[PDB]
file start-v2.cif (mmCIF, C-alpha atoms and all ligand atoms)
data_work
loop_
_atom_site.label_atom_id
_atom_site.label_comp_id
_atom_site.auth_asym_id
_atom_site.auth_seq_id
_atom_site.Cartn_x
_atom_site.Cartn_y
_atom_site.Cartn_z
CA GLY A 10 4.09 124.47 118.18
CA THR A 11 6.30 126.05 120.84
CA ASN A 12 4.79 123.96 123.68
CA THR A 13 5.60 120.73 121.92
CA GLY A 14 7.31 118.27 124.33
CA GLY A 15 5.65 119.76 127.41
CA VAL A 16 2.98 117.98 129.39
CA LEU A 17 0.41 119.95 131.33
CA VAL A 18 -1.14 117.92 134.10
CA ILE A 19 -4.47 119.35 135.13
CA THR A 20 -6.84 118.53 137.99
CA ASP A 21 -9.93 120.42 136.86
CA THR A 22 -11.73 121.20 133.59
CA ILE A 23 -10.21 124.11 131.57
CA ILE A 24 -12.99 126.66 130.86
CA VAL A 25 -12.64 128.64 127.69
CA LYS A 26 -14.80 131.74 127.81
CA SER A 27 -17.10 133.11 125.08
CA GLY A 28 -15.07 134.93 122.50
CA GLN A 29 -11.79 133.33 123.69
CA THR A 30 -9.36 131.02 121.85
CA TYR A 31 -7.36 128.53 123.93
CA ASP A 32 -4.21 127.79 121.87
CA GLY A 33 -2.17 125.01 123.34
CA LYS A 34 0.71 125.51 120.93
CA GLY A 35 1.15 121.73 120.82
CA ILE A 36 1.00 121.01 124.53
CA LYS A 37 -0.04 117.52 125.67
CA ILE A 38 -2.65 117.50 128.46
CA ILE A 39 -3.02 114.78 131.04
CA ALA A 40 -5.97 114.98 133.36
CA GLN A 41 -5.85 113.60 136.84
CA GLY A 42 -8.77 113.02 139.18
CA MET A 43 -11.28 113.70 136.36
CA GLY A 44 -11.99 110.18 135.13
CA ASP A 45 -10.30 107.04 133.96
CA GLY A 46 -11.45 107.25 130.28
CA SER A 47 -13.80 104.23 130.77
CA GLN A 48 -17.45 104.13 129.68
CA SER A 49 -18.68 105.50 133.04
CA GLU A 50 -20.87 108.56 132.40
CA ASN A 51 -19.73 110.56 135.45
CA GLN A 52 -16.38 111.81 134.20
CA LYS A 53 -15.33 115.43 133.83
CA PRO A 54 -14.66 117.15 130.49
CA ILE A 55 -11.04 118.12 129.87
CA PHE A 56 -12.30 121.38 128.27
CA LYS A 57 -15.59 123.30 128.49
CA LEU A 58 -16.01 125.59 125.56
CA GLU A 59 -18.57 128.23 126.23
CA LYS A 60 -20.67 129.57 123.37
CA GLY A 61 -18.33 131.29 120.88
CA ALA A 62 -15.16 129.83 122.47
CA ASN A 63 -12.46 128.14 120.30
CA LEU A 64 -9.76 125.60 120.96
CA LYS A 65 -6.67 124.78 119.00
CA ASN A 66 -3.43 122.88 118.99
CA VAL A 67 -3.78 120.50 121.92
CA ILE A 68 -2.99 116.84 122.36
CA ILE A 69 -5.25 115.11 124.89
CA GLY A 70 -3.49 112.18 126.39
CA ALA A 71 -5.08 109.28 128.20
CA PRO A 72 -7.17 109.38 130.26
CA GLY A 73 -9.56 111.12 127.88
CA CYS A 74 -12.26 111.48 130.62
CA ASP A 75 -15.31 113.18 129.08
CA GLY A 76 -13.40 114.99 126.38
CA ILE A 77 -14.46 118.41 125.18
CA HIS A 78 -17.91 119.88 125.99
CA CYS A 79 -19.07 122.48 123.46
CA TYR A 80 -21.88 124.95 124.09
CA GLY A 81 -22.23 126.09 120.49
CA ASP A 82 -20.44 128.30 117.94
CA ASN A 83 -17.08 126.65 118.56
CA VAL A 84 -14.09 125.90 116.34
CA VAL A 85 -11.96 122.99 117.54
CA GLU A 86 -8.84 122.98 115.40
CA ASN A 87 -5.83 120.65 115.45
CA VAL A 88 -6.94 118.69 118.46
CA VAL A 89 -5.59 115.13 118.82
CA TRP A 90 -7.19 112.65 121.10
CA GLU A 91 -4.51 110.00 121.73
CA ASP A 92 -7.03 107.85 123.53
CA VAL A 93 -10.66 108.89 123.58
CA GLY A 94 -12.27 108.59 126.91
CA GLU A 95 -16.04 108.12 127.35
CA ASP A 96 -16.49 110.20 124.26
CA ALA A 97 -14.19 112.77 122.56
CA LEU A 98 -16.45 115.79 122.12
CA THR A 99 -20.02 116.51 123.09
CA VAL A 100 -22.31 119.25 121.68
CA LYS A 101 -24.25 120.33 124.72
CA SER A 102 -26.19 123.32 123.41
CA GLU A 103 -27.33 124.64 120.04
CA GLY A 104 -24.97 126.29 117.52
CA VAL A 105 -22.45 125.47 114.88
CA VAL A 106 -19.52 123.31 115.96
CA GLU A 107 -16.55 122.70 113.72
CA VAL A 108 -13.82 120.07 114.29
CA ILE A 109 -11.04 120.85 111.84
CA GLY A 110 -7.83 118.87 111.59
CA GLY A 111 -6.49 116.55 114.24
CA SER A 112 -7.42 112.99 114.90
CA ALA A 113 -8.85 110.52 117.38
CA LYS A 114 -7.98 106.94 118.35
CA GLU A 115 -9.29 104.20 120.65
CA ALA A 116 -12.96 105.21 121.24
CA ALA A 117 -14.75 102.30 122.88
CA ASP A 118 -18.09 103.84 121.93
CA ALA A 119 -18.71 107.27 120.36
CA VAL A 120 -16.21 109.89 119.26
CA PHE A 121 -18.69 112.78 118.80
CA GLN A 122 -21.89 112.93 120.86
CA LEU A 123 -24.61 115.40 119.83
CA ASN A 124 -27.03 116.22 122.64
CA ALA A 125 -28.63 119.43 121.27
CA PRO A 126 -29.77 120.64 117.83
CA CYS A 127 -26.71 121.79 115.94
CA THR A 128 -24.81 122.06 112.78
CA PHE A 129 -21.75 119.79 113.22
CA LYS A 130 -18.88 119.71 110.84
CA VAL A 131 -15.89 117.31 110.87
CA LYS A 132 -13.22 118.36 108.40
CA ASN A 133 -9.70 117.04 107.55
CA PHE A 134 -9.95 114.45 110.32
CA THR A 135 -8.75 110.86 110.89
CA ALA A 136 -10.07 108.40 113.40
CA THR A 137 -8.99 104.80 114.10
CA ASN A 138 -10.44 102.09 116.36
CA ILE A 139 -13.78 103.55 117.23
CA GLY A 140 -17.32 102.36 117.95
CA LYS A 141 -19.05 105.29 116.12
CA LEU A 142 -17.85 108.60 114.77
CA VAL A 143 -21.07 110.51 115.48
CA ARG A 144 -24.03 109.71 117.72
CA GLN A 145 -27.06 111.92 118.08
CA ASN A 146 -28.27 111.24 121.56
CA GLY A 147 -30.45 108.18 121.57
CA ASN A 148 -34.19 108.47 121.06
CA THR A 149 -34.07 112.17 120.51
CA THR A 150 -35.87 113.73 117.54
CA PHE A 151 -34.48 117.27 117.34
CA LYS A 152 -32.57 118.06 114.19
CA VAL A 153 -28.87 117.86 113.67
CA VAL A 154 -27.07 118.40 110.40
CA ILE A 155 -23.74 116.71 110.18
CA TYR A 156 -21.05 117.25 107.60
CA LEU A 157 -18.12 114.88 107.16
CA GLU A 158 -15.62 116.44 104.78
CA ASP A 159 -12.23 114.90 104.06
CA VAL A 160 -12.59 112.33 106.79
CA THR A 161 -10.77 108.99 106.96
CA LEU A 162 -11.90 106.27 109.28
CA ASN A 163 -10.42 102.83 110.12
CA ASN A 164 -11.90 99.97 112.18
CA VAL A 165 -15.39 101.26 112.95
CA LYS A 166 -16.99 98.66 115.15
CA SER A 167 -20.64 99.92 115.10
CA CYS A 168 -21.18 102.54 112.39
CA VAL A 169 -19.98 105.88 111.13
CA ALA A 170 -23.00 107.75 112.40
CA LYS A 171 -26.22 106.93 114.23
CA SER A 172 -29.35 109.05 114.85
CA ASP A 173 -32.90 108.21 115.92
CA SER A 174 -34.21 111.45 114.43
CA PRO A 175 -36.07 111.41 111.05
CA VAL A 176 -35.42 115.11 110.48
CA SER A 177 -31.67 114.89 111.03
CA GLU A 178 -29.30 114.83 108.02
CA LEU A 179 -25.76 113.72 107.25
CA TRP A 180 -23.81 115.11 104.30
CA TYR A 181 -20.43 113.72 103.28
CA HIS A 182 -17.69 114.67 100.86
CA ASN A 183 -14.41 112.76 100.44
CA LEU A 184 -15.24 110.24 103.09
CA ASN A 185 -12.98 107.15 103.28
CA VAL A 186 -13.93 104.24 105.46
CA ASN A 187 -12.03 100.99 106.02
CA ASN A 188 -13.47 98.02 108.01
CA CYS A 189 -17.03 99.08 108.78
CA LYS A 190 -19.92 96.66 108.24
CA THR A 191 -22.63 99.42 108.49
CA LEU A 192 -22.03 103.08 107.48
CA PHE A 193 -25.15 104.91 108.71
CA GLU A 194 -27.85 103.92 111.21
CA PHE A 195 -30.54 106.52 110.63
CA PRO A 196 -34.34 105.93 110.38
CA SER A 197 -34.05 106.15 106.60
CA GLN A 198 -31.05 106.05 104.34
CA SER A 199 -32.45 108.96 102.39
CA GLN A 200 -31.31 111.15 105.30
CA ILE A 201 -27.75 110.62 104.12
CA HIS A 202 -26.41 112.69 101.19
CA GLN A 203 -23.18 113.28 99.30
CA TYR A 204 -21.96 116.62 98.14
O1 LIG A 301 -23.55 112.66 126.54
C1 LIG A 301 -23.38 111.45 126.73
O2 LIG A 301 -22.30 110.93 127.07
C2 LIG A 301 -24.65 110.56 126.66
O3 LIG A 301 -24.28 109.23 126.94
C3 LIG A 301 -25.33 108.33 126.92
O4 LIG A 301 -25.96 108.18 125.67
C4 LIG A 301 -25.23 107.50 124.54
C5 LIG A 301 -26.22 107.39 123.42
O5 LIG A 301 -26.76 108.71 123.15
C6 LIG A 301 -27.32 106.44 123.86
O6 LIG A 301 -28.20 106.23 122.76
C7 LIG A 301 -26.74 105.09 124.38
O7 LIG A 301 -26.24 104.40 123.30
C8 LIG A 301 -26.43 102.91 123.26
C9 LIG A 301 -25.66 102.12 124.32
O8 LIG A 301 -26.06 102.53 125.61
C10 LIG A 301 -24.12 102.33 124.17
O9 LIG A 301 -23.31 101.65 125.14
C11 LIG A 301 -23.72 101.91 122.77
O10 LIG A 301 -23.94 100.51 122.67
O11 LIG A 301 -24.47 102.61 121.80
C12 LIG A 301 -25.91 102.49 121.88
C13 LIG A 301 -26.52 103.37 120.79
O12 LIG A 301 -25.75 104.12 120.15
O13 LIG A 301 -27.75 103.33 120.67
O14 LIG A 301 -25.82 105.31 125.40
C14 LIG A 301 -24.69 106.05 124.82
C15 LIG A 301 -23.50 105.96 125.76
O15 LIG A 301 -23.49 104.94 126.45
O16 LIG A 301 -22.60 106.80 125.67
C16 LIG A 301 -26.38 108.71 127.94
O17 LIG A 301 -27.45 107.80 127.94
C17 LIG A 301 -26.86 110.14 127.68
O18 LIG A 301 -27.83 110.58 128.67
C18 LIG A 301 -25.65 111.07 127.73
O19 LIG A 301 -25.05 111.09 129.02
CA CA A 302 -20.74 105.25 126.09
CA CA A 303 -21.95 108.61 126.97
CA CA A 304 -10.29 104.75 124.87
CA CA A 305 -19.89 111.77 127.59
#

call {"tool": "encode", "arguments": {"input": "start-v2.cif", "output": "structure tokens", "more": "lines below"}}
Ligand SMILES: O=C(O)[C@H]1O[C@H](O[C@@H]2[C@H](O)[C@@H](O)[C@@H](O[C@@H]3[C@H](O)[C@@H](O)[C@@H](O)O[C@@H]3C(=O)O)O[C@@H]2C(=O)O)[C@H](O)[C@@H](O)[C@H]1O
Ligand SMILES: [Ca+2]
Ligand SMILES: [Ca+2]
Ligand SMILES: [Ca+2]
Ligand SMILES: [Ca+2]
result
Amino acid sequence: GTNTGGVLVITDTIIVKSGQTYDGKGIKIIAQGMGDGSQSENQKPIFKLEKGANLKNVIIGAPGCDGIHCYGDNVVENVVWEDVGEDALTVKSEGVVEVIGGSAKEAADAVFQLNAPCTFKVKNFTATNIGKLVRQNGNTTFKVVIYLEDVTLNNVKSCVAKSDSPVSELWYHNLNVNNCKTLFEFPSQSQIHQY
């Protein structure tokens, strides 16, 4: 992309409005004053994607802070997290959220955090050195449906995906996992399906 080689240093969350597409054209973003990328829960998101907002073609440098907050009906395309912060992307409100392309590395805990009922799809994605790829918020029992399609994972220190919800489901297709003791931590393994 034509912003490749540039570094945008920001000091507040970038809000992408409903109906908008933020296209970074390959820019690298470094956030300052928004978090250190540790496990502290009080960091700011790099991006807030309002319902029906899209994001594409961004590299998020360290510190990853609180990553991308999605409010539903969002396409997140070609986003690279060089160093995931507290988490990489959080679904904050109901809708369909797509992560297509890109990659993530160095997530101490979760990459994707699902805090509202949603349909969540990860497609054509790589992640390395992570605690979990997907976590439905603990002890919640609303329904999420997760799809992992063409996803390649390496060095997964807890599990691919974890939910405490019996009604939630995970579907996978062309999933490749290296160095994970425990793929799925759901109430029953019958909640996990191939397609
Ligand atoms: O949106 C968030 O960032 C979310 O973070 C916390 O919750 C997650 C997870 O949903 C919780 O179940 C909990 O996870 C457990 C441990 O606390 C955690 O360090 C790791 O060991 O995983 C555990 C697990 O998956 O069960 O805490 C997670 C976290 O620390 O990020 C908040 O509690 C939640 O309110 C919200 O802010
Ligand atoms: Ca955490
Ligand atoms: Ca957290
Ligand atoms: Ca990290
Ligand atoms: Ca978080």

call {"tool": "residues_around", "arguments": {"input": "start-v2.cif", "residues": "residue 134 in chain A", "least_positions_apart": "2", "cutoff": "8 Å", "atoms": "all atoms listed in the file", "output": "PDB file with C-alpha atoms, keeping the file's coordinate frame"}}
result
ATOM      1  CA  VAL A 108     -13.820 120.070 114.290  1.00  0.00           C
ATOM      2  CA  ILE A 109     -11.040 120.850 111.840  1.00  0.00           C
ATOM      3  CA  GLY A 110      -7.830 118.870 111.590  1.00  0.00           C
ATOM      4  CA  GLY A 111      -6.490 116.550 114.240  1.00  0.00           C
ATOM      5  CA  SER A 112      -7.420 112.990 114.900  1.00  0.00           C
ATOM      6  CA  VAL A 131     -15.890 117.310 110.870  1.00  0.00           C
ATOM      7  CA  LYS A 132     -13.220 118.360 108.400  1.00  0.00           C
ATOM      8  CA  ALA A 136     -10.070 108.400 113.400  1.00  0.00           C
ATOM      9  CA  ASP A 159     -12.230 114.900 104.060  1.00  0.00           C
ATOM     10  CA  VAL A 160     -12.590 112.330 106.790  1.00  0.00           C
ATOM     11  CA  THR A 161     -10.770 108.990 106.960  1.00  0.00           C
TER      12      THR A 161
END

call {"tool": "closest_residue", "arguments": {"input": "start-v2.cif", "among": "A:17, A:127, A:201, A:119", "to": "ligand LIG 301 (chain A)", "atoms": "all atoms listed in the file"}}
result
A:119

call {"tool": "residues_around", "arguments": {"input": "start-v2.cif", "residues": "range 142-152 of chain A", "least_positions_apart": "6", "cutoff": "8 Å", "atoms": "only C-alpha atoms", "output": "VMD selection string"}}
result
chain A and resid 119 to 127 136 165 168 to 178

call {"tool": "closest_residue", "arguments": {"input": "start-v2.cif", "among": "A:113, A:77, A:88, A:64", "to": "ligand LIG 301 (chain A)", "atoms": "all atoms listed in the file"}}
result
A:77

call {"tool": "closest_residue", "arguments": {"input": "start-v2.cif", "among": "A:37, A:26, A:65, A:78", "to": "ligand CA 305 (chain A)", "atoms": "only C-alpha atoms and all ligand atoms"}}
result
A:78

call {"tool": "residues_near_ligand", "arguments": {"input": "start-v2.cif", "ligand": "ligand CA 304 (chain A)", "cutoff": "7 Å", "atoms": "all atoms listed in the file", "output": "ChimeraX atom specification"}}
result
/A:46-47,92-94,115-117

call {"tool": "closest_residue", "arguments": {"input": "start-v2.cif", "among": "A:199, A:87, A:99, A:137", "to": "residue 69 in chain A", "atoms": "only C-alpha atoms"}}
result
A:87

call {"tool": "residues_near_ligand", "arguments": {"input": "start-v2.cif", "ligand": "ligand CA 303 (chain A)", "cutoff": "8 Å", "atoms": "all atoms listed in the file", "output": "ChimeraX atom specification"}}
result
/A:48-50,95-96,118-119,122

call {"tool": "write_last_selection", "arguments": {"input": "start-v2.cif", "atoms": "C-alpha atoms", "output": "PDB file, keeping the file's coordinate frame"}}
result
ATOM      1  CA  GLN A  48     -17.450 104.130 129.680  1.00  0.00           C
ATOM      2  CA  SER A  49     -18.680 105.500 133.040  1.00  0.00           C
ATOM      3  CA  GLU A  50     -20.870 108.560 132.400  1.00  0.00           C
ATOM      4  CA  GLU A  95     -16.040 108.120 127.350  1.00  0.00           C
ATOM      5  CA  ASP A  96     -16.490 110.200 124.260  1.00  0.00           C
ATOM      6  CA  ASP A 118     -18.090 103.840 121.930  1.00  0.00           C
ATOM      7  CA  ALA A 119     -18.710 107.270 120.360  1.00  0.00           C
ATOM      8  CA  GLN A 122     -21.890 112.930 120.860  1.00  0.00           C
TER       9      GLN A 122
END

call {"tool": "closest_residue", "arguments": {"input": "start-v2.cif", "among": "A:52, A:164, A:22, A:83", "to": "ligand CA 305 (chain A)", "atoms": "all atoms listed in the file"}}
result
A:52

call {"tool": "closest_residue", "arguments": {"input": "start-v2.cif", "among": "A:91, A:194, A:75, A:82", "to": "ligand CA 305 (chain A)", "atoms": "all atoms listed in the file"}}
result
A:75

call {"tool": "atom_distance", "arguments": {"input": "start-v2.cif", "atom1": "CA of residue 71 in chain A", "atom2": "CA of residue 39 in chain A"}}
result
6.5 Å

call {"tool": "axis_aligned_box", "arguments": {"input": "start-v2.cif", "around": "range 107-113 of chain A", "padding_each_side": "5 Å", "output": "lines of an AutoDock Vina configuration file"}}
result
center_x = -11.5
center_y = 116.6
center_z = 114.5
size_x = 20.1
size_y = 22.2
size_z = 15.8

call {"tool": "residues_near_point", "arguments": {"input": "start-v2.cif", "point": "(-12.2, 117.1, 136.0)", "cutoff": "6 Å", "atoms": "only C-alpha atoms", "output": "list in words"}}
result
residues 20, 21, 22, 43 and 53 of chain A

call {"tool": "write_last_selection", "arguments": {"input": "start-v2.cif", "atoms": "C-alpha atoms", "output": "PDB file, in the frame of the given file"}}
result
ATOM      1  CA  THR A  20      -6.840 118.530 137.990  1.00  0.00           C
ATOM      2  CA  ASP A  21      -9.930 120.420 136.860  1.00  0.00           C
ATOM      3  CA  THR A  22     -11.730 121.200 133.590  1.00  0.00           C
ATOM      4  CA  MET A  43     -11.280 113.700 136.360  1.00  0.00           C
ATOM      5  CA  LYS A  53     -15.330 115.430 133.830  1.00  0.00           C
TER       6      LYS A  53
END

call {"tool": "atom_distance", "arguments": {"input": "start-v2.cif", "atom1": "atom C17 of ligand LIG 301 (chain A)", "atom2": "CA of residue 203 in chain A"}}
result
28.8 Å

call {"tool": "residues_near_point", "arguments": {"input": "start-v2.cif", "point": "(4.3, 121.7, 126.7)", "cutoff": "10 Å", "atoms": "all atoms listed in the file", "output": "VMD selection string"}}
result
chain A and resid 10 to 18 33 to 38 67 to 68

call {"tool": "atom_distance", "arguments": {"input": "start-v2.cif", "atom1": "CA of residue 63 in chain A", "atom2": "CA of residue 186 in chain A"}}
result
28.2 Å
